[PDB]
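The structure file final_30.txt is reproduced below (compact mmCIF, C-alpha atoms and all ligand atoms).
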# COMPACT_ATOMS: atom_id res chain seq x y z
CA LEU A 1 -14.02 43.79 7.89
CA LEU A 2 -10.48 42.59 8.54
CA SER A 3 -8.54 44.91 6.25
CA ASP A 4 -5.53 46.27 8.17
CA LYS A 5 -6.49 44.03 11.12
CA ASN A 6 -5.10 40.68 12.26
CA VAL A 7 -6.59 37.52 13.75
CA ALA A 8 -5.14 35.32 16.48
CA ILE A 9 -6.34 31.71 16.60
CA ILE A 10 -5.58 30.02 19.92
CA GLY A 11 -4.80 26.36 19.28
CA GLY A 12 -3.57 24.45 16.24
CA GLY A 13 -5.82 21.41 16.41
CA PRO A 14 -7.72 20.31 13.30
CA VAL A 15 -10.34 23.03 13.85
CA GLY A 16 -7.95 25.93 14.50
CA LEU A 17 -5.70 25.02 11.57
CA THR A 18 -8.75 24.79 9.27
CA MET A 19 -9.87 28.19 10.60
CA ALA A 20 -6.47 29.62 9.73
CA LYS A 21 -6.51 28.22 6.18
CA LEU A 22 -9.99 29.48 5.34
CA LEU A 23 -9.09 32.97 6.61
CA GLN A 24 -5.60 33.09 5.12
CA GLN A 25 -6.79 32.04 1.67
CA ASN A 26 -9.02 35.14 1.68
CA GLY A 27 -6.01 37.37 2.32
CA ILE A 28 -6.48 37.70 6.07
CA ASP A 29 -3.50 38.28 8.37
CA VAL A 30 -3.89 35.36 10.81
CA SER A 31 -1.53 33.57 13.20
CA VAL A 32 -2.13 30.32 15.08
CA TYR A 33 -0.68 30.05 18.59
CA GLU A 34 -0.07 26.40 19.51
CA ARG A 35 1.29 25.11 22.82
CA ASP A 36 3.00 22.05 21.26
CA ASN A 37 6.77 22.46 21.12
CA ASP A 38 7.02 21.82 17.36
CA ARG A 39 5.19 20.25 14.45
CA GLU A 40 6.79 16.83 15.01
CA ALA A 41 4.81 16.24 18.22
CA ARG A 42 2.90 12.97 17.95
CA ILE A 43 -0.87 13.31 18.43
CA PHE A 44 -2.27 10.46 20.54
CA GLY A 45 -5.68 9.10 19.66
CA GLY A 46 -7.67 7.19 17.06
CA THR A 47 -8.46 8.31 13.54
CA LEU A 48 -10.85 11.03 12.38
CA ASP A 49 -13.26 10.87 9.49
CA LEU A 50 -14.81 13.84 7.75
CA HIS A 51 -18.45 13.95 6.69
CA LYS A 52 -20.10 15.29 3.57
CA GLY A 53 -21.78 18.62 4.28
CA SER A 54 -19.53 19.47 7.21
CA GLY A 55 -15.92 18.36 7.62
CA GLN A 56 -15.59 17.55 3.92
CA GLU A 57 -17.17 20.87 2.96
CA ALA A 58 -14.49 22.70 4.94
CA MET A 59 -11.73 20.75 3.13
CA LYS A 60 -13.43 21.34 -0.22
CA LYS A 61 -13.56 25.09 0.37
CA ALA A 62 -9.85 25.02 1.35
CA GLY A 63 -8.92 23.09 -1.81
CA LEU A 64 -7.83 20.14 0.34
CA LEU A 65 -10.58 17.58 -0.23
CA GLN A 66 -8.52 15.39 -2.58
CA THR A 67 -5.51 15.59 -0.26
CA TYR A 68 -7.70 14.20 2.55
CA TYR A 69 -9.06 11.47 0.27
CA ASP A 70 -5.52 10.46 -0.78
CA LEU A 71 -4.33 10.02 2.83
CA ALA A 72 -7.54 8.61 4.29
CA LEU A 73 -8.66 4.99 4.45
CA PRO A 74 -12.24 3.72 4.03
CA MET A 75 -12.89 1.09 6.69
CA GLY A 76 -15.72 -1.31 7.38
CA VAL A 77 -17.18 -2.00 10.82
CA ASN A 78 -17.46 -5.32 12.64
CA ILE A 79 -19.71 -5.82 15.64
CA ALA A 80 -18.53 -8.60 17.94
CA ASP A 81 -19.70 -10.02 21.26
CA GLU A 82 -17.53 -10.67 24.32
CA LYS A 83 -16.94 -14.28 23.22
CA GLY A 84 -15.38 -13.11 19.95
CA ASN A 85 -18.30 -13.98 17.67
CA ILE A 86 -18.75 -11.59 14.76
CA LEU A 87 -22.41 -10.53 14.92
CA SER A 88 -22.23 -8.08 11.99
CA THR A 89 -19.74 -7.28 9.21
CA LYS A 90 -20.36 -4.16 7.13
CA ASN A 91 -17.63 -3.56 4.57
CA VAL A 92 -17.36 -0.33 2.57
CA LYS A 93 -19.02 -0.55 -0.80
CA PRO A 94 -17.17 1.36 -3.55
CA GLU A 95 -20.00 3.87 -4.01
CA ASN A 96 -19.65 4.80 -0.30
CA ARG A 97 -15.85 4.99 -0.24
CA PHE A 98 -15.82 8.82 -0.07
CA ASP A 99 -18.51 9.02 2.66
CA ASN A 100 -16.14 9.20 5.67
CA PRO A 101 -12.69 7.59 5.24
CA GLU A 102 -10.45 7.51 8.31
CA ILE A 103 -7.37 9.71 8.51
CA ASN A 104 -4.56 9.66 11.06
CA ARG A 105 -4.53 12.82 13.19
CA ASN A 106 -0.87 13.59 12.44
CA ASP A 107 -1.59 13.11 8.71
CA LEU A 108 -4.48 15.56 8.97
CA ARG A 109 -2.35 18.09 10.87
CA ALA A 110 0.31 17.78 8.15
CA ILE A 111 -2.17 18.42 5.33
CA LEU A 112 -3.41 21.56 7.07
CA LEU A 113 0.06 22.79 8.08
CA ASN A 114 1.34 22.27 4.53
CA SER A 115 -1.54 24.38 3.18
CA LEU A 116 -0.61 27.40 5.30
CA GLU A 117 2.06 29.99 4.56
CA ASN A 118 5.35 29.51 6.39
CA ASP A 119 5.30 30.70 10.03
CA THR A 120 1.51 30.93 10.20
CA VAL A 121 1.69 28.66 13.25
CA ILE A 122 3.77 29.97 16.14
CA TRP A 123 4.83 26.88 18.13
CA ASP A 124 5.63 26.70 21.87
CA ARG A 125 2.98 29.39 22.55
CA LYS A 126 0.67 28.45 25.42
CA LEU A 127 -1.88 31.24 25.89
CA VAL A 128 -2.53 31.93 29.57
CA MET A 129 -4.41 35.26 29.62
CA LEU A 130 -6.24 37.78 27.44
CA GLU A 131 -6.64 41.50 28.09
CA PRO A 132 -8.83 43.75 25.91
CA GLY A 133 -7.37 47.14 25.00
CA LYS A 134 -9.00 50.05 23.18
CA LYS A 135 -9.03 48.21 19.85
CA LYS A 136 -6.69 45.21 20.26
CA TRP A 137 -6.46 42.22 22.57
CA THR A 138 -3.15 41.58 24.30
CA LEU A 139 -2.26 37.89 24.43
CA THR A 140 -0.11 36.60 27.30
CA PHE A 141 1.80 33.36 26.76
CA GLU A 142 3.72 31.11 29.12
CA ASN A 143 7.30 32.53 29.36
CA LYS A 144 7.11 34.11 25.87
CA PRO A 145 6.53 37.70 24.74
CA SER A 146 3.01 39.03 24.31
CA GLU A 147 1.15 39.60 21.04
CA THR A 148 -1.83 41.67 19.92
CA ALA A 149 -4.82 41.03 17.66
CA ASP A 150 -8.05 42.74 16.62
CA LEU A 151 -9.91 39.42 16.75
CA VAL A 152 -9.24 36.38 18.97
CA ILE A 153 -10.68 32.95 18.05
CA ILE A 154 -10.52 30.40 20.87
CA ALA A 155 -9.80 26.98 19.36
CA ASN A 156 -7.70 25.28 22.01
CA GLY A 157 -9.85 22.26 22.86
CA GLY A 158 -12.38 21.06 25.37
CA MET A 159 -10.45 22.00 28.53
CA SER A 160 -9.72 25.59 27.52
CA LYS A 161 -9.19 27.95 30.43
CA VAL A 162 -9.39 31.12 28.31
CA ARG A 163 -13.17 31.13 27.74
CA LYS A 164 -14.41 33.61 30.34
CA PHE A 165 -14.74 36.62 28.02
CA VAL A 166 -17.23 34.52 26.04
CA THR A 167 -19.06 32.44 28.67
CA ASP A 168 -19.04 31.41 32.34
CA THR A 169 -20.07 27.87 31.36
CA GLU A 170 -17.89 25.19 32.97
CA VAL A 171 -16.94 21.81 31.52
CA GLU A 172 -18.74 18.89 33.17
CA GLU A 173 -18.00 15.21 33.62
CA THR A 174 -20.70 13.02 32.09
CA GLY A 175 -20.16 9.93 34.25
CA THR A 176 -18.32 7.67 31.82
CA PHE A 177 -14.61 6.99 31.62
CA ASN A 178 -12.26 6.10 28.76
CA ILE A 179 -9.03 4.09 28.66
CA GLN A 180 -7.04 4.25 25.45
CA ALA A 181 -3.91 2.63 24.12
CA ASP A 182 -1.88 1.80 21.05
CA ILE A 183 -0.34 -1.52 20.09
CA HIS A 184 2.49 -1.47 17.57
CA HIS A 185 2.90 -4.41 15.18
CA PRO A 186 -0.53 -5.76 16.27
CA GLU A 187 -0.28 -8.55 13.71
CA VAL A 188 2.56 -9.83 15.92
CA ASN A 189 1.62 -8.60 19.39
CA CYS A 190 -2.16 -9.20 19.42
CA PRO A 191 -2.60 -11.57 16.46
CA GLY A 192 -5.92 -13.07 17.54
CA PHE A 193 -7.70 -9.76 18.04
CA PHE A 194 -6.02 -8.35 14.93
CA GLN A 195 -7.47 -11.19 12.85
CA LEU A 196 -10.83 -10.66 14.56
CA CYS A 197 -10.91 -7.09 13.24
CA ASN A 198 -9.94 -8.39 9.79
CA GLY A 199 -9.21 -4.91 8.46
CA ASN A 200 -12.41 -3.41 9.90
CA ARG A 201 -12.96 -1.23 12.92
CA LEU A 202 -14.46 -3.36 15.67
CA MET A 203 -16.87 -2.60 18.49
CA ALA A 204 -18.17 -4.84 21.27
CA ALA A 205 -20.23 -4.35 24.43
CA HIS A 206 -20.91 -6.58 27.44
CA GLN A 207 -22.22 -5.78 30.95
CA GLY A 208 -21.42 -2.08 30.79
CA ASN A 209 -17.90 -2.38 29.34
CA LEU A 210 -17.42 -1.10 25.79
CA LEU A 211 -14.47 -1.79 23.47
CA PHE A 212 -13.71 0.04 20.22
CA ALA A 213 -10.68 -0.66 18.05
CA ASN A 214 -9.01 0.45 14.83
CA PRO A 215 -6.56 -2.25 13.66
CA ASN A 216 -4.73 0.01 11.22
CA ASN A 217 -4.06 3.58 12.32
CA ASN A 218 -0.96 4.04 10.15
CA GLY A 219 0.17 0.54 11.05
CA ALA A 220 -0.69 0.63 14.76
CA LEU A 221 -3.80 -0.74 16.46
CA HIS A 222 -5.64 1.86 18.56
CA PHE A 223 -8.28 0.71 21.04
CA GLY A 224 -10.45 2.28 23.69
CA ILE A 225 -12.29 0.73 26.64
CA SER A 226 -15.14 2.75 28.15
CA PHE A 227 -17.47 2.29 31.12
CA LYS A 228 -19.42 4.19 33.75
CA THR A 229 -16.96 5.80 36.15
CA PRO A 230 -16.64 3.48 39.19
CA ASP A 231 -18.15 4.92 42.36
CA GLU A 232 -15.02 3.94 44.31
CA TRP A 233 -13.12 6.38 42.06
CA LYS A 234 -15.27 9.29 43.26
CA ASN A 235 -12.97 12.09 44.41
CA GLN A 236 -7.72 4.59 42.16
CA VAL A 237 -6.04 3.20 39.05
CA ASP A 238 -2.66 4.87 38.58
CA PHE A 239 -2.42 5.09 34.79
CA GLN A 240 1.33 5.58 35.05
CA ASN A 241 1.44 2.02 36.48
CA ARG A 242 0.63 -0.38 33.64
CA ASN A 243 0.53 -3.30 36.10
CA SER A 244 -2.25 -1.60 38.07
CA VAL A 245 -4.19 -0.82 34.88
CA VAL A 246 -3.76 -4.38 33.53
CA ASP A 247 -5.05 -5.78 36.82
CA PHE A 248 -8.16 -3.59 36.82
CA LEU A 249 -9.03 -4.24 33.17
CA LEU A 250 -8.49 -8.01 33.43
CA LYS A 251 -10.98 -8.09 36.31
CA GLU A 252 -13.46 -6.00 34.31
CA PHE A 253 -13.02 -8.20 31.21
CA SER A 254 -12.84 -11.48 33.14
CA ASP A 255 -15.48 -13.22 31.02
CA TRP A 256 -14.30 -11.85 27.65
CA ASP A 257 -12.55 -14.08 25.09
CA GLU A 258 -8.75 -14.40 25.44
CA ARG A 259 -8.25 -12.43 22.24
CA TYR A 260 -9.53 -9.35 24.09
CA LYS A 261 -7.55 -10.14 27.26
CA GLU A 262 -4.38 -10.41 25.14
CA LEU A 263 -4.94 -6.83 23.97
CA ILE A 264 -4.91 -5.75 27.63
CA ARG A 265 -1.92 -7.92 28.62
CA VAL A 266 0.43 -6.72 25.88
CA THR A 267 -0.33 -2.98 25.96
CA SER A 268 2.80 -1.05 26.90
CA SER A 269 0.99 1.96 28.41
CA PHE A 270 -2.54 3.28 28.91
CA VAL A 271 -4.17 6.70 28.91
CA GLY A 272 -7.28 7.31 31.03
CA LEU A 273 -9.69 10.21 30.58
CA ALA A 274 -13.08 11.12 32.01
CA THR A 275 -15.74 11.86 29.40
CA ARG A 276 -16.64 15.53 29.48
CA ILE A 277 -19.08 17.93 27.89
CA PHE A 278 -19.10 21.71 27.48
CA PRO A 279 -22.89 22.14 27.46
CA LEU A 280 -24.57 24.63 25.13
CA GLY A 281 -27.56 26.13 26.86
CA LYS A 282 -28.32 29.76 27.56
CA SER A 283 -26.70 32.25 25.19
CA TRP A 284 -23.07 33.26 25.65
CA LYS A 285 -22.08 36.69 26.97
CA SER A 286 -23.39 39.61 24.98
CA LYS A 287 -21.54 42.90 24.42
CA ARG A 288 -18.00 41.60 24.92
CA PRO A 289 -15.25 44.22 25.30
CA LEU A 290 -13.59 43.35 21.95
CA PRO A 291 -14.44 40.73 19.26
CA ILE A 292 -13.84 37.18 20.44
CA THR A 293 -15.47 33.82 19.83
CA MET A 294 -14.80 30.07 20.13
CA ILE A 295 -14.88 27.13 17.73
CA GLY A 296 -14.41 23.36 17.94
CA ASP A 297 -14.25 21.53 21.26
CA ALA A 298 -13.67 24.85 23.07
CA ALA A 299 -17.20 25.75 21.90
CA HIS A 300 -19.06 22.44 22.26
CA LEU A 301 -16.95 19.52 23.53
CA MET A 302 -19.20 16.47 23.72
CA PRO A 303 -18.97 12.69 24.17
CA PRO A 304 -17.47 10.93 21.13
CA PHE A 305 -19.12 7.47 21.16
CA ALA A 306 -21.54 8.06 18.23
CA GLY A 307 -19.06 9.91 16.00
CA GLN A 308 -19.82 13.51 16.91
CA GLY A 309 -16.71 15.61 17.36
CA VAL A 310 -14.44 17.22 14.81
CA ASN A 311 -17.07 17.70 12.11
CA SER A 312 -19.15 20.18 14.09
CA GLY A 313 -15.92 22.08 14.75
CA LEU A 314 -15.03 22.11 11.06
CA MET A 315 -18.52 23.45 10.36
CA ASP A 316 -17.77 26.25 12.86
CA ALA A 317 -14.66 27.19 10.91
CA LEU A 318 -16.51 27.14 7.59
CA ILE A 319 -19.34 29.36 8.87
CA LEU A 320 -17.24 31.83 10.87
CA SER A 321 -14.64 32.23 8.10
CA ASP A 322 -17.37 32.92 5.54
CA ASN A 323 -19.06 35.50 7.77
CA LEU A 324 -15.73 37.25 8.34
CA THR A 325 -14.93 37.45 4.62
CA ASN A 326 -18.15 37.55 2.61
CA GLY A 327 -18.60 41.32 2.96
CA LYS A 328 -22.20 41.06 4.19
CA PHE A 329 -21.77 42.04 7.86
CA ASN A 330 -21.26 45.59 9.13
CA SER A 331 -18.93 44.52 11.95
CA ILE A 332 -16.84 41.65 13.23
CA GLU A 333 -19.18 41.40 16.22
CA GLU A 334 -22.18 40.87 13.94
CA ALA A 335 -20.31 38.26 11.90
CA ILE A 336 -19.46 36.44 15.16
CA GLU A 337 -23.03 36.63 16.46
CA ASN A 338 -24.36 35.11 13.24
CA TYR A 339 -21.93 32.18 13.47
CA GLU A 340 -22.69 31.56 17.17
CA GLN A 341 -26.45 31.53 16.61
CA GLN A 342 -26.08 28.90 13.87
CA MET A 343 -23.65 26.80 15.91
CA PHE A 344 -25.99 26.84 18.88
CA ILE A 345 -28.56 25.05 16.69
CA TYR A 346 -26.44 22.31 15.13
CA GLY A 347 -24.20 22.13 18.20
CA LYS A 348 -27.14 21.57 20.54
CA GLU A 349 -28.53 18.98 18.10
CA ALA A 350 -25.22 17.12 18.10
CA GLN A 351 -24.82 17.37 21.87
CA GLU A 352 -28.29 15.94 22.47
CA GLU A 353 -27.62 12.99 20.15
CA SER A 354 -24.25 12.37 21.77
CA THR A 355 -25.69 12.55 25.29
CA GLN A 356 -28.66 10.35 24.35
CA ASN A 357 -26.38 7.80 22.74
CA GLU A 358 -24.12 7.80 25.82
CA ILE A 359 -27.09 7.09 28.11
CA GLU A 360 -28.15 4.24 25.83
CA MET A 361 -24.78 2.58 25.20
CA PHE A 362 -23.87 2.45 28.90
CA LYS A 363 -27.07 0.83 30.13
CA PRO A 364 -25.94 -2.41 31.84
CA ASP A 365 -27.72 -4.56 29.23
CA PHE A 366 -26.64 -2.73 26.07
CA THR A 367 -25.34 -4.57 23.02
CA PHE A 368 -24.71 -3.23 19.54
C1 LIG A 401 -11.41 9.20 23.32
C2 LIG A 401 -11.93 10.17 22.29
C3 LIG A 401 -12.22 9.73 21.02
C4 LIG A 401 -12.68 10.58 20.02
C5 LIG A 401 -12.83 11.95 20.29
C6 LIG A 401 -12.53 12.41 21.57
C7 LIG A 401 -12.06 11.55 22.57
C8 LIG A 401 -11.74 12.10 23.93
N1 LIG A 401 -13.31 12.83 19.28
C9 LIG A 401 -13.48 14.27 19.50
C10 LIG A 401 -12.51 15.04 18.55
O1 LIG A 401 -11.29 14.42 18.36
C11 LIG A 401 -12.45 16.54 18.81
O2 LIG A 401 -13.73 16.98 18.48
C12 LIG A 401 -11.38 17.28 17.99
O3 LIG A 401 -10.05 16.95 18.36
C13 LIG A 401 -11.65 18.78 18.19
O4 LIG A 401 -10.57 19.45 17.64
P1 LIG A 401 -10.22 20.96 18.14
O5 LIG A 401 -9.23 21.47 17.14
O6 LIG A 401 -11.41 21.76 18.56
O7 LIG A 401 -9.43 20.72 19.54
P2 LIG A 401 -8.16 19.74 19.81
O8 LIG A 401 -8.22 19.43 21.29
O9 LIG A 401 -8.08 18.62 18.81
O10 LIG A 401 -6.96 20.82 19.50
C14 LIG A 401 -6.73 21.85 20.46
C15 LIG A 401 -5.32 22.41 20.24
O11 LIG A 401 -5.03 23.49 21.12
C16 LIG A 401 -3.75 23.31 21.72
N2 LIG A 401 -3.81 24.07 22.95
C17 LIG A 401 -4.42 23.71 24.13
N3 LIG A 401 -4.33 24.63 25.05
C18 LIG A 401 -3.63 25.66 24.46
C19 LIG A 401 -3.20 26.92 24.91
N4 LIG A 401 -3.46 27.36 26.14
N5 LIG A 401 -2.54 27.72 24.06
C20 LIG A 401 -2.29 27.28 22.83
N6 LIG A 401 -2.64 26.10 22.30
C21 LIG A 401 -3.31 25.33 23.15
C22 LIG A 401 -3.57 21.80 21.83
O12 LIG A 401 -2.20 21.51 21.94
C23 LIG A 401 -4.26 21.33 20.51
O13 LIG A 401 -3.41 21.29 19.40
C24 LIG A 401 -13.61 12.27 18.06
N7 LIG A 401 -14.09 13.10 17.10
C25 LIG A 401 -14.41 12.74 15.84
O14 LIG A 401 -14.83 13.56 15.06
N8 LIG A 401 -14.24 11.40 15.59
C26 LIG A 401 -13.78 10.45 16.49
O15 LIG A 401 -13.66 9.28 16.17
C27 LIG A 401 -13.45 10.96 17.79
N9 LIG A 401 -12.99 10.08 18.76
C1 LIG A 402 -20.09 8.73 12.31
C2 LIG A 402 -18.82 8.00 11.81
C3 LIG A 402 -17.88 7.48 12.94
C4 LIG A 402 -16.71 8.42 13.34
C5 LIG A 402 -16.19 8.19 14.80
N1 LIG A 402 -17.01 7.17 15.44
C6 LIG A 402 -16.80 6.72 16.66
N2 LIG A 402 -17.68 5.75 17.09
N3 LIG A 402 -15.75 7.12 17.62
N4 LIG A 402 -15.70 6.48 18.85
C7 LIG A 402 -14.87 6.84 19.81
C8 LIG A 402 -14.82 6.08 21.06
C9 LIG A 402 -13.98 6.30 22.15
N5 LIG A 402 -14.19 5.33 23.16
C10 LIG A 402 -15.20 4.44 22.70
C11 LIG A 402 -15.76 3.30 23.34
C12 LIG A 402 -16.75 2.58 22.69
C13 LIG A 402 -17.16 2.99 21.40
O1 LIG A 402 -18.13 2.27 20.76
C14 LIG A 402 -18.55 2.75 19.50
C15 LIG A 402 -16.60 4.11 20.78
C16 LIG A 402 -15.60 4.88 21.40
Starting from the file, give its structure as structure tokens.
Ligand SMILES: Cc1cc2c(cc1C)N(C[C@H](O)[C@H](O)[C@H](O)COP(=O)(O)OP(=O)(O)OC[C@H]1O[C@@H](n3cnc4c(N)ncnc43)[C@H](O)[C@@H]1O)c1[nH]c(=O)[nH]c(=O)c1N2
Ligand SMILES: CCCCCNC(=N)N/N=C/c1c[nH]c2ccc(OC)cc12
Amino acid sequence: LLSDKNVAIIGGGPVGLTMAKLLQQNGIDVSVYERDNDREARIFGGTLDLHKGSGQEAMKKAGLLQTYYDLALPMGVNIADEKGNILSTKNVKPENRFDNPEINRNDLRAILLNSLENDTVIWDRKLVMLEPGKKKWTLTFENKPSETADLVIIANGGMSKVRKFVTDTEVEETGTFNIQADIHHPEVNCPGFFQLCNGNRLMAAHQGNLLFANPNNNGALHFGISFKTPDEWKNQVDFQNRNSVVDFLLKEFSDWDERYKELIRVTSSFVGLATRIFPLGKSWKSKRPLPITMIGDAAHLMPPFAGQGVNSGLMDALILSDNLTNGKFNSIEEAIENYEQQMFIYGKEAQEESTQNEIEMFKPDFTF
């Protein structure tokens, strides 16, 4: 199918890099175009864990499952209330230690980058436009020379603006909002909350405000505070202004234990982000001018609160890469169609669980 042809993957996130590995290890000529300036760019966010049957199956097929295991950390979960009482402690039993250990996102990028041949990823390449030719796409990048490919795979995340050859679907806001931050040396800077986590991830919910924390993301504490988007914000917190963010959060958390307030007070900077979804519904465009598809969040971005996210994208890469290389399809288009039909099933399943969970967890009286 791909002999004497080449593949362009747009985006070097965990899904795109996994895509590249699974193609390249079957002898496919594939490049990844990534907007990040270079591989040393820090990725902001919590940890990821990979699941048996999906994310771990993609690593296994790439020969990287042990590498993931060696850099990942099994973590228990504590459920606390707003007063700081631990309502539930579930540690990881040894027989479950491979189920879904947490890995830092930069560590995961490094594993995948190290598995690829040199110069597979072309850095500082922000795709802005695609144009189909007779047999090859032309790729236009921001202030860089163009490239061509027989097959384009869109893998550049939930806010991709290069989707229109595949679908007219637009991303949507779901109505919840997320504030995220890191605390370095949390054992010094938020000792009370750090000891509350006690090596476990911690979650707590009270009157429509949700808090989730990881006390040990490669030595830092990552936490997220989520809530229904305030109506006053429709169409007011400047997240560049930590003093404005601290003031808002301290009002929201006014009846939470001081160990939670300390987290807010000592945070150096905050990142805010509306929850969004790229909804799978009616089929994507049929009879596209040249072969093109999408994987990962570009295909099915969904709320993250129940753990859906990267694993459905890693499934995409596993399925699409097998269809493109197993010699069973008469054309790249047919291989793509088969992947998309499968992804519509498990992707819709995951989106409905994520949306249902979001409705439930943000009811004003929810508790874990
Ligand atoms: C607050 C919060 C919390 C979580 C999560 C989301 C959010 C918002 N998720 C979701 C999860 O992290 C997500 O599913 C994966 O990052 C998807 O990876 P992708 O590679 O598809 O896109 P991702 O967005 O990770 O990567 C896209 C890549 O494309 C690049 N790019 C963008 N535009 C480009 C362009 N024009 N040209 C070239 N490159 C371009 C970007 O720089 C980036 O490297 C999650 N999931 C999970 O499984 N477990 C979890 O715990 C969480 N937690
Ligand atoms: C299925 C195994 C778990 C993997 C990831 N699992 C997860 N739960 N990722 N969560 C992200 C998140 C962002 N903001 C929040 C606010 C509240 C909250 O409560 C759980 C969670 C979040």
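Near ligand LIG 402 (chain A), the residues found within 6 Å are residues 49, 178, 203, 210, 211, 212, 224, 225, 226, 304, 305, 306 and 307 of chain A (criterion computed using only C-alpha atoms and all ligand atoms).
Pairwise distance (CA of residue 221 in chain A, CA of residue 183 in chain A) equals 5.1 Å.
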(request) For range 244-254 of chain A, list every protein, DNA or RNA residue within 12 Å, evaluated using all atoms listed in the file, and leave out those in the same chain fewer than 2 positions away; present the list as a ChimeraX atom specification. (result) /A:82-83,178-181,204-211,224-228,230,236-242,256-272
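Between CA of residue 72 in chain A and CA of residue 156 in chain A the interatomic distance comes to 24.3 Å.
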(request) Name all residues at most 12 Å from residue 129 in chain A (count only C-alpha atoms; drop same-chain ones fewer than 2 positions away) and give them as a list in words. (result) residues 10, 125, 126, 127, 131, 132, 137, 138, 139, 140, 141, 142, 146, 147, 148, 152, 154, 160, 161, 162, 163, 164 and 165 of chain A
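Minimum atom-to-atom distances from A:28, A:111, A:130, A:280 to ligand LIG 401 (chain A) were compared using only C-alpha atoms and all ligand atoms, and the lowest value belongs to A:130.
Counting all atoms listed in the file and comparing A:43, A:92, A:320, A:23, the residue that lies closest to residue 334 in chain A is A:320.
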(request) May I have the protein, DNA and RNA residues with any atom at most 12 Å from the point (-18.5, -13.9, 15.4), counting all atoms listed in the file, written as a ChimeraX atom specification? (result) /A:78-89,193,195-198,202-204,257
Kindly output range 260-271 of chain A as a CSV table (one decimal), in the frame of the given file, after building N, CA, C and O atoms.
chain,number,residue,atom,x,y,z
A,260,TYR,N,-9.4,-10.7,23.5
A,260,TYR,CA,-9.5,-9.4,24.1
A,260,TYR,C,-8.6,-9.2,25.3
A,260,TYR,O,-8.0,-8.1,25.5
A,261,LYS,N,-8.5,-10.2,26.1
A,261,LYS,CA,-7.6,-10.1,27.3
A,261,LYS,C,-6.1,-9.9,26.8
A,261,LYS,O,-5.3,-9.2,27.5
A,262,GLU,N,-5.7,-10.6,25.7
A,262,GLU,CA,-4.4,-10.4,25.1
A,262,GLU,C,-4.1,-9.0,24.8
A,262,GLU,O,-3.0,-8.4,25.1
A,263,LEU,N,-5.0,-8.3,24.2
A,263,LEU,CA,-4.9,-6.8,24.0
A,263,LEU,C,-4.5,-6.1,25.2
A,263,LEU,O,-3.6,-5.3,25.2
A,264,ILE,N,-5.2,-6.4,26.3
A,264,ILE,CA,-4.9,-5.8,27.6
A,264,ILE,C,-3.5,-6.1,28.1
A,264,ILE,O,-2.8,-5.3,28.6
A,265,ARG,N,-3.2,-7.4,28.0
A,265,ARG,CA,-1.9,-7.9,28.6
A,265,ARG,C,-0.7,-7.3,27.9
A,265,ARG,O,0.3,-7.1,28.6
A,266,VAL,N,-0.8,-7.1,26.6
A,266,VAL,CA,0.4,-6.7,25.9
A,266,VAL,C,0.6,-5.2,25.7
A,266,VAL,O,1.6,-4.8,25.2
A,267,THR,N,-0.4,-4.4,26.1
A,267,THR,CA,-0.3,-3.0,26.0
A,267,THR,C,0.8,-2.4,26.8
A,267,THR,O,0.9,-2.7,28.0
A,268,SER,N,1.7,-1.6,26.2
A,268,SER,CA,2.8,-1.0,26.9
A,268,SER,C,2.4,0.0,27.9
A,268,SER,O,2.9,0.1,29.0
A,269,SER,N,1.4,0.9,27.5
A,269,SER,CA,1.0,2.0,28.4
A,269,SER,C,-0.4,2.4,28.0
A,269,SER,O,-0.8,2.3,26.9
A,270,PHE,N,-1.1,2.9,29.0
A,270,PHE,CA,-2.5,3.3,28.9
A,270,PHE,C,-2.8,4.7,29.3
A,270,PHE,O,-2.1,5.3,30.1
A,271,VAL,N,-3.8,5.3,28.6
A,271,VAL,CA,-4.2,6.7,28.9
A,271,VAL,C,-5.6,6.7,29.3
A,271,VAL,O,-6.5,6.1,28.6
